[PDB]
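Notes for the one structure printed next.
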Amino acid sequence: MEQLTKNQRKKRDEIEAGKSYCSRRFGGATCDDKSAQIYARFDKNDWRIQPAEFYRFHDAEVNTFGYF
Amino acid sequence: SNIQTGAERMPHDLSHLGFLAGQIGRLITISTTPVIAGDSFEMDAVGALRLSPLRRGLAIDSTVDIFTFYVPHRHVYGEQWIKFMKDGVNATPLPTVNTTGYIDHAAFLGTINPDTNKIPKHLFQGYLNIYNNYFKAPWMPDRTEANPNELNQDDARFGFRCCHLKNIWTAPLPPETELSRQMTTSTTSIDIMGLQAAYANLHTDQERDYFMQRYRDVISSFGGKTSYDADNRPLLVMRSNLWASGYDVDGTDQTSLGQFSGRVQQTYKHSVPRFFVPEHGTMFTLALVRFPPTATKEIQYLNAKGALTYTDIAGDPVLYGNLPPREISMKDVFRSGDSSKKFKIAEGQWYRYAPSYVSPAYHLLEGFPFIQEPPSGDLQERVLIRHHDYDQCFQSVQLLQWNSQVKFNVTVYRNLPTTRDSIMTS
Amino acid sequence: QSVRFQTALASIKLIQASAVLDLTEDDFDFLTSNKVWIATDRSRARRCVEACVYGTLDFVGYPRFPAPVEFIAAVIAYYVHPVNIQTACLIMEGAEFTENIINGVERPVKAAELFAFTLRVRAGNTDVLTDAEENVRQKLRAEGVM
Amino acid sequence: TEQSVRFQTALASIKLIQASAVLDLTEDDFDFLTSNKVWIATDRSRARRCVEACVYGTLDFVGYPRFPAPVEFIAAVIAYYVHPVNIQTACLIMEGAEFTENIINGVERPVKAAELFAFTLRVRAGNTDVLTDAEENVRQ
Amino acid sequence: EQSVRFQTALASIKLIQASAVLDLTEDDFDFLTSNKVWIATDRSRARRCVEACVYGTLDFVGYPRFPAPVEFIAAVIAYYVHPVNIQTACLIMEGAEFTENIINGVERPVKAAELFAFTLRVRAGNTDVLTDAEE
Amino acid sequence: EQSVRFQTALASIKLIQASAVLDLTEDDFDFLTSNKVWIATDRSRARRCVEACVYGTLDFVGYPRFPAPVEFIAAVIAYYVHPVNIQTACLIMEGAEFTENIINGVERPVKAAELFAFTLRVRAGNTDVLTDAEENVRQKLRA
Amino acid sequence: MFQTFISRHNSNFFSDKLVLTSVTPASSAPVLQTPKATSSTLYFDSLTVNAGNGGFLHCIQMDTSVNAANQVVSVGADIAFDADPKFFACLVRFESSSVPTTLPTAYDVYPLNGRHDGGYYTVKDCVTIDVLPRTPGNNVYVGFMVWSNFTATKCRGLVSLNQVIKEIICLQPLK
């Protein structure tokens, strides 16, 4: 269910993927495939709780060294 | 039944701007907004960052980092909190924590010390958790104060202190990484069987130290999953880093033609994409400016260590392969380091790093943010940053080192009644 | 009609107005005197300490909810003499029933904590009281008293 | 400079005592309580007894039961009666008390010996208001 | 007269000395009190003896032998260990397993530099810091 | 709180006088104690020696160094550095903290000027001059 | 031509009459009068100097609220001595833990581009002093101190001190 970005009919599917890529550019950097797609779906206007609304920001550095 | 609930809410505008300043090397919070279980929090930070008039020209640049963490109250008043939310109108107020009686002394939490020197625990504990969980060297010890009282001006007026950018002398192996491992034995016979079990132990220990730590990690290493939350590890929601540069200001009057002063004026945007708040809590979003740790006396470990030996130059993978950490010593990498202080390096480490280099000419000049003489204390004190060290490169620290104006464009889809009933009783 | 429970005290005292409360000139003296409270006195001690608490309270509108500790402290703190502060605390300790108010919210008071509270109120540190008065207020508005 | 609630209540305690003179000590007890002769191993008891005696005051004069006292108090007391030569052991004797804060917050954080000392030591730097009376020596 | 902070231990030391005795062989009392430099290979012995005295000063006064107070360990180093060895004597009591520096409810081990600092001051009540053999 | 400073500041002198070995070359005992001015390009040597008088024995014998509280560093500078150099001598040491602070877990590193002022006072009140000790030179080598 | 708009010294718009009337030079330079905040102007029309050898000075308390150790102090003063006590002048920087009444034991002195002529002294200049106390408890003071092996006599005139810790705004018609 939960999405999470990333560290530091087919034709439409491809379009969706491109769209996800576009968000990471905006969201910071990268994002998991599956999530990214969900990230694609989110509507800036639906006041209701979207799922792209759920995510953990991942940052290599802290992950590897453990400290910024 | 709640049922629909997960839907119809309005968007409120907790946007606001802020004018701030900080010390270089200290994690300072810039703005903190409360969020309630249910809220959907959206932020778009924009503005500019700057250093103070510089005495000389532009030379090296600072890297600015702007973090935005999520700290649920259940991690701070914990439990105490459960009962509270459970008791509602009847529960006993959430505790406070005290602050030394100085305007700027609750300053690290981006608030002017209220007239009573009282600050809701969360606002403080929160920070500490963030500090203790993402900024302090993990080999370092948890930072455990009670109430700000305990912090010294510097700490409480400016941010705590974080470490230098990762570097072969600033972020070594943990100071207690085993340099060997022994296994008791009979004076005349090893128990093959034990020796195995012995090795088995090494491996697991090893991993479990680097790769493993938090409870989850273990439970998970079994294949199970778990929600255990106690670690209180805060939620990193978003980090953004930028390098901050400006332009030099050309001198233009008799005395000073060939003269110049560098002005730093970076513009930046830091945005948190709509993040759903699960329990009531706090959203800290702190800043941290650092000059890259370039020093004037660092040396190529290979060029300084002296008499060169096959393991040090051959660069033979097998050796570095299974050869435990070496014990370099500051004198081996600094022009005048204290051989008394030693740190642990990963055998091949020298062929994996390249120190920056500052020709002696600048060495004794005034106004370059290079690290002048090499650190001295221990692998903590050495690792952390002495902000005074930079005062030297500024025409004036009247407004501290780095100040910055920014509008915190923050909307939050939450639910509070209208000003109707909320103001219209009947 | 807003006068913080706290100032009521200091006011009532600044102008020695036993009458405002419900104590006989003597009572009041006895309460505020510096002569040691003996075993045999307890009762009167309470009777009077209590008197001031649920007293000033009335002097300020609050209905008559069993009194909050921070209040009781402030009161002991303001009227009782140092020589008696400790025992004064020990006497407000229990949960001694008396159908005059409502045992509905009778919850034991901790001696040691009562002292500790007042000890500080006695110092220059009021929040504790206001911070507590606030809570009370809310508890009521919510409950429907405002 | 700084007058943490911590310290300020300490101070307020100091006074609380100056007034309440009523102790339950024999001239003698009061004598080494205050005395400058070092407290030795075999005395502790006495030491406690008296130390407490001051801490507990009138509660103990009359027949009343006791209450654990906020640390800040214990300090002032130690700080006021016991002599420098014995302040240290004076505290080891008392240990286990809780600062006022944690009393109001259900956070039982019993202060160990060392803290009591540290605190009293500081409370003791508010020495102006620590100019003893012979009225002290009027209670038996 | 900040000295305050030490009396007790100091005081206890005196009495201990005068009257009773500590668990040290005449010789032991030697590198301890002597003026001969303590070398690397000595450390242990140094410790054993420095530790030895602390527990002493401590029993004499009715304190528990466990969380040996910093102030005490200072006074002791300060009184018995010779100037030439004070520093290293400090180094050795560093992190020593029985002492435990507390700060705002924080038991962190004894830090060398602080022990020294402590004793440095303790040692300014110098009159009685004239350890006589007979004189 | 200052007399206390001074106090200890001095107490260190006696402690120094004891100093087992001095890890300075005859010469070095020069940059160090001479009356010839220390120029910018000297500072390091300066430090090294000034430092050397602080952690002598420790180094020479084999134990690891560790922070000297200010009052100490003062005495030392006060004692060996010649007045002509006491200033830069302090500038070079600027950093460490007073015993108080140390004792009190309170980061408060002394900035140059304080170091100076302190030594200056330690220097008037001191009466055990090095000069009287020129035989101290004995303890100056490898043996 | 254009009006100038810069000076080494800017006096406070409020002057103060020296209350005391006799000053007696000394090694323990007396403080001519309780120092004020951060800038002040003292003016006496008849101060008598009891013969003695030392000096009397005038103070200003260094306001240490701005993050900045090296600020600018300026002194502007005109003084007439009835007799010519061959004396020197200077800016003094002495700290103290309590209100001073006398230039204490240790103090620091700086040269002031002044004009000497007989029993006349005039000076409008400024110097840069470290205004943070070199010692914990202290409060640093800066001042103007005349010094000589004085022979009893009289002086009159005024002395002004100031700590450039904020700038004063003046009307420039062309802005």
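Every chain in the structure tokens has a letter given in the order shown (A, B, ...), and although residue numbers restart at 1 in each chain, ligands are simply numbered from 1 in the order shown.
The environment of residue D:129 within 12 Å, counting only C-alpha atoms and disregarding residues fewer than 5 places along the same chain, consists of residues 10, 11, 12, 13, 14, 15, 16, 17, 18, 76, 79, 80, 123 and 124 of chain D.
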Please check the contacts: residues of chain D at most 6 Å away from chain C, using only C-alpha atoms, listed as a PyMOL selection string. chain D and resi 9+12+16+20+67-70+100
Resulting file, chosen residues, N, CA, C and O atoms, as a JSON list (two decimals), in the first residue's frame:
[["chain", "number", "residue", "atom", "x", "y", "z"],
["D", 9, "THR", "N", 13.24, 27.80, 44.28],
["D", 9, "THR", "CA", 12.50, 27.20, 45.36],
["D", 9, "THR", "C", 13.45, 26.83, 46.49],
["D", 9, "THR", "O", 13.08, 26.84, 47.67],
["D", 12, "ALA", "N", 13.67, 29.84, 48.52],
["D", 12, "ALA", "CA", 12.42, 29.95, 49.26],
["D", 12, "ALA", "C", 12.39, 28.97, 50.41],
["D", 12, "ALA", "O", 11.78, 29.26, 51.43],
["D", 16, "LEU", "N", 11.91, 29.52, 54.35],
["D", 16, "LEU", "CA", 10.91, 28.69, 55.02],
["D", 16, "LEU", "C", 11.45, 28.22, 56.36],
["D", 16, "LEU", "O", 10.71, 28.20, 57.35],
["D", 20, "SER", "N", 10.56, 28.91, 60.60],
["D", 20, "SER", "CA", 10.25, 27.69, 61.35],
["D", 20, "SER", "C", 11.55, 27.24, 62.01],
["D", 20, "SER", "O", 12.42, 26.66, 61.37],
["D", 67, "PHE", "N", 6.35, 13.19, 55.26],
["D", 67, "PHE", "CA", 6.18, 13.20, 53.80],
["D", 67, "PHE", "C", 7.53, 13.27, 53.11],
["D", 67, "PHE", "O", 8.44, 13.99, 53.57],
["D", 68, "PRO", "N", 7.76, 12.57, 52.01],
["D", 68, "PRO", "CA", 9.00, 12.73, 51.30],
["D", 68, "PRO", "C", 9.06, 14.17, 50.91],
["D", 68, "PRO", "O", 8.05, 14.71, 50.38],
["D", 69, "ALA", "N", 10.19, 14.79, 51.16],
["D", 69, "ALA", "CA", 10.35, 16.23, 50.91],
["D", 69, "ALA", "C", 11.02, 16.50, 49.60],
["D", 69, "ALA", "O", 11.90, 15.77, 49.19],
["D", 70, "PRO", "N", 10.59, 17.55, 48.89],
["D", 70, "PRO", "CA", 11.19, 17.91, 47.61],
["D", 70, "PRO", "C", 12.69, 18.02, 47.88],
["D", 70, "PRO", "O", 13.05, 18.39, 48.98],
["D", 100, "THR", "N", 11.67, 18.88, 42.75],
["D", 100, "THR", "CA", 10.29, 19.28, 42.73],
["D", 100, "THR", "C", 9.63, 18.95, 41.40],
["D", 100, "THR", "O", 8.54, 18.37, 41.39]]
Exercise for the section: Select residues of chain C: the criterion is any atom within 9 Å of an atom of chain B, counting only C-alpha atoms; output as a ChimeraX atom specification. Expected result: /C:125,127,131-132,135,138-139,142-143
Residue with the minimum atom-to-atom distance to chain A, picked from B:411, B:309, B:259, B:426 with only C-alpha atoms counted, is B:411
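Taking only C-alpha atoms, the non-local environment of residue B:288 within 6 Å (same-chain residues fewer than 3 positions away omitted) comprises residues 27, 64 and 65 of chain B.
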Could you write out the selected residues, including C-alpha atoms, as a CSV table (one decimal), in the first residue's frame?
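This is the output file out-v2.csv:
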chain,number,residue,atom,x,y,z
B,27,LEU,CA,21.3,22.5,13.3
B,64,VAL,CA,22.8,24.3,2.7
B,65,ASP,CA,20.5,21.5,3.9
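We find atom CA of residue D:116 and atom CA of residue D:7 to be spaced 12.5 Å apart.
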Neighbour list for stretch 42-57 of chain A as a PyMOL selection string, cut-off 10 Å, only C-alpha atoms, skip fewer than 2 positions in-chain: (chain A and resi 1-8+27-29+31+35-40+59) or (chain B and resi 5-11+38-42+69+235-239+272-278+412-414)
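Between atom CA of residue G:30 and atom CA of residue G:101 lies a distance of 5.6 Å.
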(request) Could you list the residues in chain E lying within 10 Å of chain D, using only C-alpha atoms, and format the result as a PyMOL selection string? (result) chain E and resi 2-12+15+58-64+67+69-71+100-105
Take the residues that were just selected and, keeping N, CA, C and O atoms, output them as a compact mmCIF listing (two decimals), in the first residue's frame.
# COMPACT_ATOMS: atom_id res chain seq x y z
N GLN E 2 36.19 27.61 48.07
CA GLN E 2 35.38 26.63 47.34
C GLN E 2 35.72 25.28 47.96
O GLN E 2 34.87 24.39 48.05
N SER E 3 36.99 25.15 48.34
CA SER E 3 37.49 23.94 48.96
C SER E 3 36.33 23.07 49.45
O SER E 3 36.34 21.86 49.25
N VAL E 4 35.35 23.71 50.10
CA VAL E 4 34.15 23.03 50.60
C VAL E 4 34.00 21.65 50.00
O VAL E 4 34.08 20.62 50.69
N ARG E 5 33.78 21.66 48.70
CA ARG E 5 33.58 20.44 47.94
C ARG E 5 34.44 19.24 48.36
O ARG E 5 34.09 18.08 48.10
N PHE E 6 35.55 19.46 49.02
CA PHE E 6 36.45 18.33 49.31
C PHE E 6 36.52 17.94 50.80
O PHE E 6 36.59 16.75 51.14
N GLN E 7 36.52 18.91 51.68
CA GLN E 7 36.61 18.63 53.12
C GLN E 7 36.53 17.13 53.38
O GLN E 7 37.55 16.43 53.40
N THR E 8 35.32 16.70 53.55
CA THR E 8 34.98 15.32 53.87
C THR E 8 36.05 14.32 53.47
O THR E 8 36.69 13.71 54.32
N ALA E 9 36.24 14.13 52.17
CA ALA E 9 37.24 13.18 51.75
C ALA E 9 38.57 13.59 52.33
O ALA E 9 39.20 12.81 53.04
N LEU E 10 39.01 14.82 52.05
CA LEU E 10 40.27 15.28 52.59
C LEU E 10 40.33 14.89 54.07
O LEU E 10 41.16 14.09 54.50
N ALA E 11 39.41 15.48 54.84
CA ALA E 11 39.26 15.22 56.27
C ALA E 11 39.40 13.74 56.57
O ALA E 11 40.25 13.33 57.35
N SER E 12 38.55 12.93 55.97
CA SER E 12 38.63 11.51 56.18
C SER E 12 40.05 11.06 55.93
O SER E 12 40.60 10.36 56.75
N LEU E 15 42.55 11.72 59.12
CA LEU E 15 42.27 10.74 60.17
C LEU E 15 42.76 9.35 59.80
O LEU E 15 43.49 8.71 60.54
N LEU E 58 37.13 5.92 51.90
CA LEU E 58 35.71 5.71 51.83
C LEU E 58 35.13 4.90 52.97
O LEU E 58 34.09 5.28 53.53
N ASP E 59 35.76 3.80 53.33
CA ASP E 59 35.22 3.00 54.42
C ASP E 59 35.25 3.82 55.71
O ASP E 59 34.26 3.93 56.43
N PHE E 60 36.39 4.43 55.98
CA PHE E 60 36.56 5.20 57.19
C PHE E 60 35.39 6.10 57.50
O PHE E 60 35.12 6.42 58.65
N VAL E 61 34.69 6.47 56.45
CA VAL E 61 33.61 7.40 56.60
C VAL E 61 32.20 6.88 56.45
O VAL E 61 31.23 7.63 56.61
N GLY E 62 32.07 5.61 56.13
CA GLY E 62 30.74 5.03 56.04
C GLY E 62 30.05 5.11 54.70
O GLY E 62 28.84 4.88 54.59
N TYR E 63 30.82 5.43 53.68
CA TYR E 63 30.26 5.49 52.36
C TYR E 63 30.35 4.11 51.74
O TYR E 63 31.13 3.27 52.17
N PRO E 64 29.54 3.85 50.74
CA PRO E 64 29.54 2.57 50.05
C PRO E 64 30.73 2.62 49.13
O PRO E 64 31.06 3.68 48.55
N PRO E 67 29.86 3.51 43.92
CA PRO E 67 30.05 4.75 43.21
C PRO E 67 30.99 5.66 43.95
O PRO E 67 30.53 6.68 44.54
N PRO E 69 32.97 8.52 44.79
CA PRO E 69 32.81 9.92 44.40
C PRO E 69 34.00 10.51 43.69
O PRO E 69 35.14 10.17 44.00
N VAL E 70 33.74 11.39 42.72
CA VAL E 70 34.86 11.95 42.00
C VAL E 70 35.69 12.68 43.00
O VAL E 70 36.88 12.40 43.13
N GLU E 71 35.05 13.63 43.69
CA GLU E 71 35.73 14.46 44.69
C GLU E 71 36.67 13.63 45.53
O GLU E 71 37.78 14.05 45.85
N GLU E 100 31.63 7.22 38.82
CA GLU E 100 30.57 7.42 37.85
C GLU E 100 30.07 8.84 37.97
O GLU E 100 29.30 9.17 38.88
N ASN E 101 30.55 9.67 37.05
CA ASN E 101 30.21 11.09 37.00
C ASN E 101 28.76 11.25 36.61
O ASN E 101 28.35 10.74 35.57
N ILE E 102 27.97 11.94 37.42
CA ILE E 102 26.58 12.11 37.05
C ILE E 102 26.40 13.56 36.70
O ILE E 102 27.02 14.42 37.31
N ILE E 103 25.56 13.82 35.70
CA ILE E 103 25.24 15.18 35.25
C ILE E 103 23.79 15.24 34.74
O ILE E 103 23.47 14.70 33.68
N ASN E 104 22.93 15.93 35.48
CA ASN E 104 21.51 16.03 35.11
C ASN E 104 20.96 14.64 34.90
O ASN E 104 20.28 14.36 33.91
N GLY E 105 21.29 13.75 35.84
CA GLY E 105 20.82 12.38 35.78
C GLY E 105 21.47 11.62 34.64
O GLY E 105 20.80 10.96 33.84
